[PDB]
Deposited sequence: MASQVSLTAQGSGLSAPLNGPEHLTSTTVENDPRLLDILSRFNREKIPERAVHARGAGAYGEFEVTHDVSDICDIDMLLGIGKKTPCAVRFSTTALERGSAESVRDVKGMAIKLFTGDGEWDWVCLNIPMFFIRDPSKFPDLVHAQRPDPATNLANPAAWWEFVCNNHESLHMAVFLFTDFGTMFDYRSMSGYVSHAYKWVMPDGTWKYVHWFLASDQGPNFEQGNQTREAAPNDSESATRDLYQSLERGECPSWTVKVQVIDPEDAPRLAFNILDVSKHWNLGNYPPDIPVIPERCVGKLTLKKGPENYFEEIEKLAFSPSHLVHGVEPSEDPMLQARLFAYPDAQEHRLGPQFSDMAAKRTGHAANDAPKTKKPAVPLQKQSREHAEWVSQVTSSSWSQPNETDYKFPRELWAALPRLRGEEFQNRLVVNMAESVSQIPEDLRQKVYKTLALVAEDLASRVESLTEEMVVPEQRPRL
């Protein structure tokens, strides 16, 4: 010690690591561009989206959700896709999940949900009991639960996944009229709901299989691409829908389920192609800052309470993580006002019939569009998870599943009791 040169070298080495992200800590990154392929000048006034053939540079970060920096990328989890676009009007961020539904509806429950998916606070091991307790206490997560224990829970790498903003936004015209919008990116080298499964199994002991897949595909000359599509709803038609489009835990039906809810059609916008990887991972990918509050002229947030909370949360989290510490809108009708005020009532945090209707119809649709083996594998995965928790929690889970569907609960209980 003692030597000033050695002290400087060691002190510089000591201050090299920073806190990881609270969620989505493990991930990879790439650079590409977006190109406009269709005309949307009748619903949009965003400069980035006007003019067929226009190109915009973009940077993308893929991630998992629940575990730490060095965790395996082939786990049962939801995946994230964050896109930063450098337009002439500034930076536009699309922070998407690989599925258009979310776990919860009330933002004040967000930390608890996160704690339900982190390792055990005493042993630092995996703990399904907290997750199943949260599910039994918050029925609006049931829909997502049914999704997570199918094959779709473990099906996607960074190239075969899709991305959905999952919120309703507002697109505004210069005359003041606006529409509710939801856009998403469909993978050009991945499956969909109707057809397609995993085609490249990860190595038995590989924790970075998806990162390796993306890096090797980029080095081989292949360029992954996504097709961007949007769904449009008139503000006066929203209060009359069979579901609430301000509820982030529900999706907008594209033609799969539930059958009694009419389809909201989508239209194409453009295409996103990834070209190259980074030169310095820590400086370019690890320190990337994304926020849903990064918006350009012509796009506004809606009255979604989760989106409103996200507008504040991301800059504050980045202040902790990267800090020095180391056109007027036209008015709608009174009925629209009541429908909007629905989201600030005390019943917003209580379950309704739709919270059970959506998972029931997904469970019914699984054998019609995929087959009996898909449903059987869902039952097997759920039983494998449930057979690790104490008996009273098991009975509570059985009751909740019966609230979803009787045959699903009976099958899960019968298969789970044989595994304990």
Missing residue ranges, deposited sequence indexing starting at 1:
1-29, 356-377, 472-479
